Amino acid sequence: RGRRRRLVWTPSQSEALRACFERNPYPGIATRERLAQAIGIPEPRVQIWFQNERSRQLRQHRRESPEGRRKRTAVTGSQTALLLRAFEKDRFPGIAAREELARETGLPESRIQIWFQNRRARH
DNA sequence: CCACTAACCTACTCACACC
DNA sequence: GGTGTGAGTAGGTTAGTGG
């Protein structure tokens, strides 16, 4: 289980992220997609940052003191059956395995990761 | 050495289609 | 109401960044 290579923000990207977070710490998919392209970062990395930034901000605010969701990804029985056989072998695929499963299904890798998180909690 | 943090994780919830 | 499952939330853990 290897994780994806950790990126490192440029100052231009950091500024853009904080400015948008300041306006709304709960962006929807459209805001995240626009921001992602505006600063040259894949949208899933942006979503992960907004999650971490909120947990930061809430943790300091604890010791000092709705936009539209992504559209539901349609998953065929063909794709599900292939994800299910992978899931029985390994419930914690690394980035390589997720990228293989994304290639074989045609689904985005970020969606493969969510599918495994949900599947682990319910089976 | 060690503080910070992207990446990843659990747990619970919301959304929404379907019966 | 009940079921199923994709996408949200809070917040904890793992491992790379860089002082």
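Residue numbers begin at 1 in each chain, while the letters A, B, ... track the order of the sequences.
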Touch check for A/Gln113, heavy atoms < 4.0 angstrom, all strands: base, sugar-phosphate only, or nothing?
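Touches sugar-phosphate only.
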
Which part of the nucleic acid, if any, lies within reach of A/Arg70 when heavy atoms closer than 4.0 Å are counted: base, sugar-phosphate only, or nothing?
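Sugar-phosphate, backbone atoms only, no base.
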
Rounded off to whole Å, could you give me the [atom1]-to-[atom2] distance for the [X] and [N] pair?
X        : N      : atom1 : atom2 : value
A/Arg72  : B/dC14 : CZ    : P     : 16 Å
A/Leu17  : B/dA7  : CG    : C1'   : 15 Å
A/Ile48  : C/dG16 : CD1   : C1'   : 16 Å
A/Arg111 : C/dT5  : CZ    : P     : 17 Å

Between the side chain of A/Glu109 and the main-chain N/O of A/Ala102, is any donor-acceptor distance below 3.5 Å?
no

Based on groove atoms of paired bases, is it major or minor where the side chain of A/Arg69 comes under 5.0 angstrom?
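For A/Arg69, the contact is with the minor groove, the major groove having no base atom in range.
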
For the side chain of [X], starting at C-beta, report the closest nucleotide among [options].
X       : options                : answer
A/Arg1  : B/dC8, C/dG16, C/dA10  : B/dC8
A/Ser55 : C/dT17, C/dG11, B/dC14 : C/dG11
A/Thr73 : B/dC8, B/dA6, C/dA7    : C/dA7
A/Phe92 : B/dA6, B/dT10, C/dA7   : B/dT10

Strictly below 4.0 Å: does A/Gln51 bring a side-chain N or O up to OP1 or OP2 of B/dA7?
no

If the cut-off is 4.0 Å, is A/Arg120 near the phosphate of B/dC8, judged by side-chain N/O to OP1 or OP2?
no

Could you tell me if the side chain of A/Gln79 sits less than 4.5 Å from the side chain of A/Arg111, heavy atoms only?
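They are not in side-chain contact.
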
